[PDB]
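FYI the Cβ positions are ideal-geometry reconstructions off the backbone, even for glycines, and counts take in every protein chain you see. Every number in this text was worked out from the coordinates using simple rules, so none of it is lab data.
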Amino acid sequence: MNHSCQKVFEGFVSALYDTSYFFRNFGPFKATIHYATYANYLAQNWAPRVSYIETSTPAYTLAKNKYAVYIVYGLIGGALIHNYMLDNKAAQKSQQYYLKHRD
Amino acid sequence: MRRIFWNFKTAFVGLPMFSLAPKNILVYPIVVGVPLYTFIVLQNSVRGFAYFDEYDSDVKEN
Amino acid sequence: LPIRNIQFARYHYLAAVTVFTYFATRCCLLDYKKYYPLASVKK
Amino acid sequence: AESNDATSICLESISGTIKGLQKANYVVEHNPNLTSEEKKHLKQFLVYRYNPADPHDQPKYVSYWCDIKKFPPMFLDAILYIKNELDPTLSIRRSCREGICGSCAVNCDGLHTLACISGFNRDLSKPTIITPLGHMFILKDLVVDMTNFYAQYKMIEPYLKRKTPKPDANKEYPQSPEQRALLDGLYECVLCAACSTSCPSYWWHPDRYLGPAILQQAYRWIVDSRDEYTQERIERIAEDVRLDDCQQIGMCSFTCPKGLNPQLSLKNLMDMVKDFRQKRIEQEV
Amino acid sequence: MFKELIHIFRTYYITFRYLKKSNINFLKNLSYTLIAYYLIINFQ
Amino acid sequence: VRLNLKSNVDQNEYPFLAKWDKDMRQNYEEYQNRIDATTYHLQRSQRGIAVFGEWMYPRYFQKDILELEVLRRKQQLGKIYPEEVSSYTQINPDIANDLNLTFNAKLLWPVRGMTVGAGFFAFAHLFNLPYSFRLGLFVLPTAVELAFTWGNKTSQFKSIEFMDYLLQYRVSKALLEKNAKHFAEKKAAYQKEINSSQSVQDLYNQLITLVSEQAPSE
Amino acid sequence: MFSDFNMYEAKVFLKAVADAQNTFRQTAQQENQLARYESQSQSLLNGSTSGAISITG
Amino acid sequence: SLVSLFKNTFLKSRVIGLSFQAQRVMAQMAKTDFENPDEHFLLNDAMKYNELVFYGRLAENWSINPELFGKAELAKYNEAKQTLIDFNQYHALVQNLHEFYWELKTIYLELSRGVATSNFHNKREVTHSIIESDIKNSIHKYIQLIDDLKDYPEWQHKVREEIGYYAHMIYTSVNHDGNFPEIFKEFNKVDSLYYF
Amino acid sequence: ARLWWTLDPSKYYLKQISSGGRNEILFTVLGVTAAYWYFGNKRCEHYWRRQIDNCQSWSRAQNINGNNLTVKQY
Ligand SMILES: CCCCCCCCCCCCCCCCCC(=O)OC[C@H](COP(=O)([O-])OCC(O)COP(=O)([O-])OC[C@@H](COC(=O)CCCCCCCCCCCCCCCCC)OC(=O)CCCCCCCCCCCCCCCCC)OC(=O)CCCCCCCCCCCCCCCCC
Ligand SMILES: CCCCCCCCCCCCCCCCCC(=O)OC[C@H](COP(=O)([O-])OCC(O)COP(=O)([O-])OC[C@@H](COC(=O)CCCCCCCCCCCCCCCCC)OC(=O)CCCCCCCCCCCCCCCCC)OC(=O)CCCCCCCCCCCCCCCCC
Ligand SMILES: CCCCCCCCCCCCCCCCCC(=O)OC[C@H](COP(=O)([O-])OCC(O)COP(=O)([O-])OC[C@@H](COC(=O)CCCCCCCCCCCCCCCCC)OC(=O)CCCCCCCCCCCCCCCCC)OC(=O)CCCCCCCCCCCCCCCCC
Ligand SMILES: CCCCCCCCCCCCCCCCCC(=O)OC[C@H](COP(=O)([O-])OCC(O)COP(=O)([O-])OC[C@@H](COC(=O)CCCCCCCCCCCCCCCCC)OC(=O)CCCCCCCCCCCCCCCCC)OC(=O)CCCCCCCCCCCCCCCCC
Ligand SMILES: CCCCCCCCCCCCCCCCCC(=O)OC[C@H](COP(=O)([O-])OCC(O)COP(=O)([O-])OC[C@@H](COC(=O)CCCCCCCCCCCCCCCCC)OC(=O)CCCCCCCCCCCCCCCCC)OC(=O)CCCCCCCCCCCCCCCCC
Ligand SMILES: CCCCCCCCCCCCCCCCCC(=O)OC[C@H](COP(=O)([O-])OCC[N+](C)(C)C)OC(=O)CCCCCCCCCCCCCCCCC
Ligand SMILES: CCCCCCCCCCCCCCCCCC(=O)OC[C@H](COP(=O)(O)OCCN)OC(=O)CCCCCCCCCCCCCCCCC
Ligand code: SF4
Ligand code: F3S
Ligand code: FES
Ligand SMILES: [Ca+2]
C-alpha cells in the first residue's frame, strides 16, 4: 500500500495490539480473566451429570452412585406431578371461592 | 491473465457434478420430509379440510 | 471401561436433540394460512 | 513509490477469470505448417508448458503431432520422442524407465500415474493430454515441487527404532515368514505421490494432513514386528488431523500404479488409533 | 455433531483456518450454553 | 360479512365520519381475508394431536393471536392518517418508528446499516483491503440492521395501544360532528361567559371537589 | 363432549350474545352521557352567571 | 482462626495435589505441536491442565501461615509451590513459541489465500513488498530463536520441525527471482537443506 | 466417507469427581426448589384473578409531561 497509508496502518495496528495487551495483562483485569476462565472450565467440563465412567470394583462403589439416576428421576417426576396436583387444587379452590362470593 | 485448464465434460467438476449433486442433495429431504410433511398436514384433517366460518361470510349487506 | 447409565445418556441426548429441533424448526406447528384459499367452508 | 491497488487487482482478477473461462484450454500448435491430410497419420499430444523463470511466459497447451510407429507404446516414450526430436526444451523427471524409481509420475491423460509404465490411447482421433500432478506447485513443464511430500515423509521417523538390545549381536532380529508377509504389498511404495495428489483430503489440507503414501509408510513401520515403538508411532500420527482427515474416498488404492492398497492401510491405522485412544483409558487404571 | 461442523468448515474454508483450537472451544462452550438456555426458556 | 364499498354517510354534513366509513369499507375485504386465514390456521392447529396441536395450542401460537388482534383493530380503523400519529406522539414519541415496523406501509431500507457499511468501505479503501472483505463488511452491518429492525413484536403491542387510542378518538370526534349543530347556541352562550378552554368534565370535577370541601353541609 | 362443529357454533352464538349486551350498554351509556354533558355545561354557565363561582384559566 | 485454617487447608490440598501432576501435564504439552499446545486437553482429556493453570497464580500470590504447617509438610508445600511456578514459566514459554508459530502460519495463510483456486477476485502475480518484509523479519526472528536454543537440543529440534515447516512452505510458494535470494538468505544456510 | 453418528456420550465429559459420582442429587435439589418457587408464583398469579369493569377502573389520562391528555377536533 501507499507508504503514508502504511504508516497510518502500522500505527493503528500497534495501537490495537497495545490496547488488547494492556487490558488483558492489567492487574485487576488479569485476575478477573484468570478467575473467570477457571469458573467457565468448571461449569463446562464438570456440570452435573447422570452418566460417568465407572472404574471401581462393585465393592468400591457407593450406593449413591448406583441409584443417583433413580433418585433424580424420582425428584423430577414427583415435582412435576405435585405441581400438576397443586394447579388442579388451586383451580378448584378459586372456582369455589368466587362461586360462593357471587353467582 | 489467468489461464484455466479444465475438461468441462469429463472432469469430476463438470457435467458429472450436475448429474450427481441434485440427486444426492435431495435424498433425505424427499424421502423423509415428504412422508413426514404429509403425516403432519393430514393428521389434523381426520374429518376434512373444513373452515368453520366464525364470521358471517354468506351474509352480504343489503 | 464400563459407563454408568449409558442408555440413559443416549436417550437424554436423543430427547435433547429432538426438543431443540422441534422448537427451532417448529416442524410440528406448521402454518395453514397458505391453505385457506384451498379449503371449503361451513355454516 | 507505490500506491493502494486493491481495486485494480480486483478488477483484473475478475476480468482474467472471465476471459480464462472463455479461453480455457489454450492451445498453440508446435508446427502450424502441417497439411490436414498429414494429421490423419499422426496422433496429437497436448503437453502442458509453463516456464515461470521467464517473466513473459504463461501456461499453455502445446500440440505435437507424432507418428506413434516410431517409438514404444508408453507415455514416457512419447514424451521423450517429443523432447529429443521436436523440442528439446521440454522438462520432465525420469530415472528408472521400468516403473521403479517413481520419478515420472504425471497426469497421463486424466489419471495420475507413472508415465514409464502407462500406455496411451492408440486411436489417432482422440487427443492425449499430458500435464503435471494436479495440486503440486509447477516448477517447469511436467516438473512439480514435491519438496513438501518429502518434508512430510521425514516427520514419520521412517527408521527402525528398538527399545530392547539384541541378545547376542551376531544374529538377525528374528521374524517368522508370517511377520514378514505382513509387510508384503506394503513396502513396495516408490514414493511417487501419484496417489496422494489424487486424495481430496490432501487437496484441501496439504500440510496439516499427511498424504496416503506417508501414512501408509507409518503403517508399514508400525506393523513391522522388529520395531518396538508401536504405541509411540500410533500416538504421533494421532495428532490433530495428520490421520483423522482421511475420509476413505479410496481413490488412493485406485490410482496406485504399483497395485498397492493405501486405503486399507489407512483404515487399519484408524482402527489402531481408535483402540489406542480407548485403551489409554481402559488399561491404565 | 458440532465437532463435525467445525471439521467441515476448517477443511473447506481457507479463512476459517485462522481460528485456534482454543477459539473453537470457546465457540463450543458458548453454543452449549445457548442451547441449554434455549431448551430451558422455550418451556417458560 | 361482505360490506359494500360505497359509504352511506352524507359527506356534506359529516365529512370526517364519511371519510372514515369509506376507508374502512375499502380495506375491509382484504383485512377480512387476512383475518379468516389467521382464524383458519388457529383452529386447524388446535385440531392437531398431542405435541402437533392441542397439547400446546393456546400457549405457543402467540404470534398468530397477536396478528389476529392487530388485524381486527386495523380493520375497524380502516386507514390511519399522519395527523393522528403526530397527535399520539405525545405519549409515545416513537409511534411512527413503531407503526412502520408493524404495518406494511413503506419499504424500510437499513440506512444506518448501509452508512456503517460505507464507513467500513472507506476504512478498507484507506488500508487497501481486498474487495471481498469490504463487500462482506458492507453486508454485515446491513444484516445486523435488518435483524434488529424486522420482527420486533413489541412494536405490534404499541401499535395495538395506538389503534385503541385512535378508535376512541375517532368515535368521540364523530359524536362531536353529529351534535355540532345542536350545541351551536349553547356553545355561543358558553364562550362568552367562560374565558377558559379547559374541558367541561375537568371543570365540573373541580367544582364538585370545591363544593365537597368548602360548601357547608348544613 | 360435543363435536368440534357444535363447539364452534356455540362460540359464534356466544360472541353474538356478548355483542348484543354490549350494544345495550353502548346505547344507554351514549344517551345518558349526552344528557350528563348538557346538564354539567348548563350548571357551570348558571354558576358563573349567578356569581356563585369565578372560573379563570 | 477458623477461616485461616480453611484457607490454608484448601491451598495445601490443591497445590500439593496438582504438584504430583505437573510432570504429566508439562510432558503432554511438550508432546503436541505449537499450533495448539493444549489441543489434547481441549479435545481428549483435561489431565488437570486447567487446574494447574488456575492454581499456579494462587501458589504464586496467596499467602501462607506456617504455624498451620508441619515441618515436612511445609517443606513439601514449598517444593510443590516451586513446581507450580516452574509450570507457570513453562506455560509462558510454550505460549510465546505458539504465538510465533501462528505468526508464521498467518503469513503462509495469506500466501495460500493468494494462490487459492477459488480466489477469482484477489489473484496477484507478483508478491507485494509488505508481505516480503514480513517474511524477512519473521525468518530473522526465527533464526535468532534457533540460536537462542543452542543449549537445549530437544527444544531446538522441536522448534525447527514445528515452526520452520511453514517457513519452508513459504519458501516453496514463490519463484526464485526478484528479491528471493535476499529474503531467504538466512533460511538458505541450514534450514532450507533440512526441508528437502 | 466415514460413519460418525452415534448417541453414546463422549469420554471427555464422563469423568467423576474424586469423592464419587458427579454432583447430581445436589443440583437436582436446587432445580426442584427453583421450579417449585417459579411455578408457585405463576399459579398464584394466574388463578386468583378477575376482571372488574366499572367507572372506578378508569382514571384521567395524561401526557409524558404530566398534563391532561386532550386532542382538539382539528
Ligand atoms: C463468567 C463465567 C463464564 C461465562 C462464560 C460464557 C458462557 C456462560 C457459562 C455459564 C456457566 C454455566 C453454563 C451452563 C452449563 C453448560 C453445560 C455444558 O455445556 O455441558 C455440556 C456437556 C455435554 O456432554 P456430552 O458428553 O455431550 O453429554 C451430554 C448428554 O446430554 C448426556 O447427558 P446426561 O445423560 O448426563 O444427562 C444430564 C442430566 C443433567 O440433569 C441433572 O441432573 C440436573 C437436574 C436439574 C438441576 C437444575 C439446578 C438449577 C439450580 C438453579 C439455582 C438458581 C440459580 C440462580 C443464579 C442467579 C445468579 C447468581 O440430565 C438429567 O438428569 C435427566 C433428567 C430427566 C428427567 C426425566 C423426568 C421423568 C419423569 C417421569 C418419571 C417416571 C414416571 C413413570 C410413569 C410410568 C407410567 C406407566 O453436558 C454434560 O455432560 C452435562 C449434562 C448437561 C447439563 C446442562 C446444564 C445446563 C444449564 C444451563 C443454565 C443456564 C442458566 C442461565 C441463568 C441466567 C440468569 C440471568
Ligand atoms: C428467504 C428464506 C431463505 C432460507 C434459506 C437461507 C439459507 C439458510 C442456511 C443455508 C446454509 C446452511 C449450512 C449448514 C451446513 C451444515 C454442515 C453440513 O453441510 O454438513 C456437513 C457434514 C457432513 O459430514 P460427513 O462426515 O461428510 O457425513 C458423511 C457420513 O457418512 C455421515 O455419517 P452417518 O451416515 O453415520 O450419519 C448418520 C446420520 C443420521 O441421520 C440420518 O441418517 C437421517 C436423519 C434424518 C432426520 C430427519 C429429521 C426430520 C425432522 C426435522 C425436519 C425439519 C425440516 C422439515 C420440516 C417440515 C417437514 C417435516 O447423521 C446425520 O444425518 C447427521 C446430521 C443430522 C443429524 C440429525 C439432527 C439434525 C438437526 C440438528 C439441529 C438443527 C438446528 C438448526 C437451527 C438453525 C438456527 C439458525 O455434516 C455435519 O456437519 C454434521 C453436523 C451438522 C450440524 C449442524 C447444526 C446446525 C448448525 C446451525 C448453524 C449453521 C451456520 C451456517 C452458516 C450461516 C451463514 C454464515
Ligand atoms: C436476507 C437476510 C440477510 C442476509 C445476509 C446476512 C449476512 C450475515 C453476515 C454474513 C457475514 C459473512 C462474512 C463473515 C464470514 C467469513 C468470511 C470470510 O471468510 O472472510 C474472508 C473471505 C474472503 O477471503 P479472500 O482471501 O478475500 O478470498 C480468497 C480465499 O481463497 C477465499 O477462501 P475461503 O474459502 O475462505 O473463501 C470462501 C468464502 C467465499 O468468498 C469467496 O472466496 C468468493 C465469494 C463470492 C462468490 C460469488 C459466486 C462465484 C461463482 C459461483 C457460481 C454462482 C452461480 C450463480 C448463478 C446460477 C445460475 C443457475 O466463503 C465465505 O465467504 C464464508 C461465508 C459465506 C456465507 C456467509 C455470507 C452470506 C452472504 C450472502 C449475501 C451476499 C450479498 C448479496 C449477493 C447477491 C446480490 C444479488 O470472505 C470475505 O471476505 C467475503 C465474505 C462474503 C461476501 C459475499 C459474497 C457472496 C456470497 C454468497 C453466498 C450465498 C450462499 C447461499 C445462501 C445465501 C442466503 C442469504
Ligand atoms: C450478578 C450475579 C453475580 C454472581 C454470579 C456470577 C456468575 C458468573 C461467574 C463470575 C465469574 C467471575 C467473577 C469475577 C472475578 C473476581 C476476581 C477476584 O476475586 O479478584 C481478586 C483478585 C485478587 O486476588 P488474587 O490476586 O487472586 O490473590 C492474591 C491477593 O493478594 C489476595 O491474597 P489473599 O490470600 O490475601 O486473599 C485471597 C482471597 C481471600 O482469602 C481468604 O480470606 C479466604 C477465602 C476463601 C478460601 C477458600 C476456603 C474454602 C473453605 C471451604 C468452604 C466450604 C463451603 C461449603 C461447601 C462444603 C462442601 C464442598 O481473596 C481472593 O482472591 C478472593 C477471590 C474469590 C474467592 C476465591 C475462593 C474460592 C473458594 C471459596 C468460595 C466458593 C465456595 C467453594 C466451596 C467448596 C470448596 C471445596 O483480583 C482483584 O483484586 C480484582 C479486583 C477487581 C475485580 C472485582 C473483584 C470482586 C471481588 C469479589 C469477592 C468475592 C469474595 C467471595 C464472596 C462469597 C460470598 C458467598
Ligand atoms: C445457586 C445460586 C447461587 C449461584 C452463585 C454462583 C456464583 C459463581 C461465582 C464464580 C466466581 C469465580 C469462581 C472461581 C473459582 C473459585 C472456586 C474454585 O476454584 O473451585 C473450588 C471448588 C473445588 O474446585 P477444585 O478443587 O478445582 O475441583 C475441580 C478439580 O477438577 C478437582 O476435581 P475433584 O475430582 O478433586 O473433585 C472436586 C470437586 C469438589 O466440588 C465440591 O465440593 C463442590 C460440590 C457442589 C457444592 C457442594 C456444597 C453444597 C452446599 C453449599 C451451601 C452454600 C451456602 C451459602 C450460604 C451463603 C449465605 C450468605 O469439584 C467439583 O466437582 C466441581 C463442581 C463444579 C460444579 C459446576 C456447576 C456448573 C453448572 C451450574 C449451573 C447449573 C444450572 C442447571 C439448570 C438446568 C435446568 C434444566 O469448586 C467450586 O467451588 C465449584 C464452583 C462451581 C460453580 C462456579 C460457577 C457458577 C456459574 C453459574 C452460572 C451463572 C451464569 C450467570 C450469567 C453470567 C453473568 C453473571
Ligand atoms: C443471496 C446470495 C446467493 C448467491 C448464491 C451463490 C452460490 C455460490 C455457490 C458456490 C459453490 C461452491 C464453489 C465456490 C466456493 C468454494 C469454496 C471452497 O472451499 O472451495 C475452495 C476450493 C478451491 O481451492 P483449492 O482447490 O486451491 O483448495 C485449497 C488448497 N490450498 C489450501 C492448498 C490452497 O474449491 C473451489 O473453489 C472449487 C471451485 C469450483 C468452481 C466450479 C464452477 C462451476 C460453474 C458452473 C456454471 C454452470 C452454468 C450453466 C449455464 C447454463 C445455460 C443454459
Ligand atoms: C462458513 C460458515 C461457518 C459457520 C460456523 C457456525 C458454527 C456453529 C456452532 C454451534 C452450533 C452447533 C449446533 C449443533 C446442533 C444442536 C445439537 C443439540 O441440540 O445438542 C447440543 C449438545 C449435544 O450435541 P453435540 O455436543 O453436538 O453432540 C454430542 C454427542 N455425544 O447439547 C448440549 O451439550 C447442551 C446441554 C444440554 C444437553 C442435553 C441434556 C440432557 C437432556 C435432558 C435435561 C433434563 C433437565 C431437567 C429436566 C427437564 C425436563 C423435566
Ligand atoms: S502409495 Fe501407491 S501411488 Fe503412492 S508412491 Fe506408493 S505405490 Fe506409488
Ligand atoms: S484417496 Fe483420499 S482421503 Fe483417504 S483413503 Fe484414499 S486417501
Ligand atoms: S521413469 Fe522410472 S519409475 Fe518413472
Ligand atoms: Ca511394531
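Here's the yes/no breakdown for (1) free of Cβ contacts under 8 Å to residues at least 12 places away in the same chain; (2) within 13 Å of D:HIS30 (Cβ to Cβ):
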{"position": "D:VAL47", "(1), (2)": "no, yes"}
{"position": "D:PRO55", "(1), (2)": "yes, no"}
{"position": "D:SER63", "(1), (2)": "no, yes"}
{"position": "D:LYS69", "(1), (2)": "yes, no"}
{"position": "D:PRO72", "(1), (2)": "yes, no"}
{"position": "D:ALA78", "(1), (2)": "no, no"}
{"position": "D:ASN84", "(1), (2)": "yes, no"}
{"position": "D:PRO88", "(1), (2)": "yes, yes"}
{"position": "D:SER91", "(1), (2)": "no, no"}
Tabulated pairs, region A:26-40, first more than 9 Å from chain H (Cβ to nearest Cβ), second hydrophobic (A, V, I, L, M, F, W, C) and away from ligand 10 (no atom under 16 Å from the Cβ), C-beta under 7 angstrom, 6+ apart or interchain: A:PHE29/A:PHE23
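Test I:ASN65 against the stated conditions and say whether it is under 19 Å from A:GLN44 (Cα atoms) and in a loop (DSSP other than H, G, I, E, B).
Working: under 19 Å from A:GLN44 (Cα atoms): no; in a loop (DSSP other than H, G, I, E, B): yes.
For I:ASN65, the condition - under 19 Å from A:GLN44 (Cα atoms) and in a loop (DSSP other than H, G, I, E, B) - is not met.
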Residues that are outside any helix (DSSP H, G or I), within 14 Å of chain B (Cβ to nearest Cβ) and either in contact with a helix residue (DSSP H, G or I) (Cβ under 9 Å, 6 or more places away or on another chain) or without any contact (Cβ under 8 Å) to a residue 12 or more places away in the chain (or both): does region G:2-15 have at least one? yes
Report yes if H:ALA72 is of a type outside the set (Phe, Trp, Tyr) and within 13 Å of chain D (Cβ to nearest Cβ), otherwise no. no
State all residues of region D:59-105 that are of a type in the set (S, T, N, Q), closer than 29 Å to D:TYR187 by Cβ and part of a strand (DSSP E or B); if no residue qualifies, say none. none
When you go through I:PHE39, I:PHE27 one by one, which is the residue that is touching a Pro at 6+ places or on another chain (Cβ under 9 Å) and aromatic (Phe, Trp, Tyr)? I:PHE27
Residues of region D:238-252 being within 16 Å of ligand 8 (Cβ to nearest atom) and either among the acidic types (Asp, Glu) or closer than 23 Å to D:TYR159 by Cβ (or both), in sequence order, are D:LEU243
Is it fair to say F:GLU54 is free of Cβ contacts under 8 Å to residues at least 12 places away in the same chain, touching a helix residue (DSSP H, G or I) at 6+ places or on another chain (Cβ under 7 Å) and more than 9 Å from every other protein chain (Cβ to nearest Cβ)? yes
Flagged in region F:176-210 as over 11 Å from G:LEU44 (Cα atoms), of a type outside the set (D, E, K, R) and part of a loop (DSSP other than H, G, I, E, B), in numbering order, are F:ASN179, F:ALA180, F:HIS182, F:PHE183, F:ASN195, F:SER196, F:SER197, F:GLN198, F:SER199
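Would you call E:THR11 at the interface with another protein chain (Cβ under 7 Å from one of its Cβ atoms) and either more than 16 Å from ligand 10 (Cβ to nearest atom) or assigned to a helix (DSSP H, G or I) (or both)?
On the way: at the interface with another protein chain (Cβ under 7 Å from one of its Cβ atoms): yes; either more than 16 Å from ligand 10 (Cβ to nearest atom) or assigned to a helix (DSSP H, G or I) (or both): yes.
Against the criterion (at the interface with another protein chain (Cβ under 7 Å from one of its Cβ atoms) and either more than 16 Å from ligand 10 (Cβ to nearest atom) or assigned to a helix (DSSP H, G or I) (or both)), E:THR11 qualifies.
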Given (1) more than 30 Å from C:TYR11 (Cα to Cα); (2) among the basic types (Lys, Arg); (3) surrounded by 13 or more Cβ atoms within 10 Å (Cβ to Cβ), index of the condition A:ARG49 fails: (1)
Considering only region C:16-43, state which residues are hydroxyl-bearing (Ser, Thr, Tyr) and either within 16 Å of ligand 7 (Cβ to nearest atom) or more than 9 Å from chain F (Cβ to nearest Cβ) (or both). C:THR18, C:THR21, C:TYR22, C:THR25, C:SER40
Please work out which one of (1) assigned to a loop (DSSP other than H, G, I, E, B); (2) within 14 Å of chain B (Cβ to nearest Cβ); (3) surrounded by fewer than 17 Cβ atoms within 10 Å (Cβ to Cβ) is the condition F:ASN12 fails and give its number. (2)
Given the conditions (1) more than 8 Å from every other protein chain (Cβ to nearest Cβ); (2) within 30 Å of the chain's Cα centre (by Cα); (3) part of a helix (DSSP H, G or I), and given that I:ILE52 satisfies all but one, which numbered condition is not satisfied? (3)
Can you name every one of the helices (runs of 4 or more DSSP H) wholly within region H:151-196 that holds 2 or more residues which are under 18 Å from the mean Cα position of the chain (by Cα)? H:153-173
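Evaluate region H:107-121: report whether one residue or more is over 30 Å from D:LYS19 (Cβ atoms) and within 14 Å of chain E (Cβ to nearest Cβ).
For region H:107-121, residues over 30 Å from D:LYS19 (Cβ atoms) and within 14 Å of chain E (Cβ to nearest Cβ): present.
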Might you let me know whether region I:25-34 holds any residue that is within 16 Å of ligand 7 (Cβ to nearest atom), outside any helix (DSSP H, G or I) and within 14 Å of chain C (Cβ to nearest Cβ)? no
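Are there any helices (runs of 4 or more DSSP H) wholly within region F:88-164 with 2 or more residues that are within 16 Å of ligand 6 (Cβ to nearest atom), and if so which?
Details: elements: F:95-99, F:111-127, F:131-149.
Counting at least 2 such residues, we get F:131-149.
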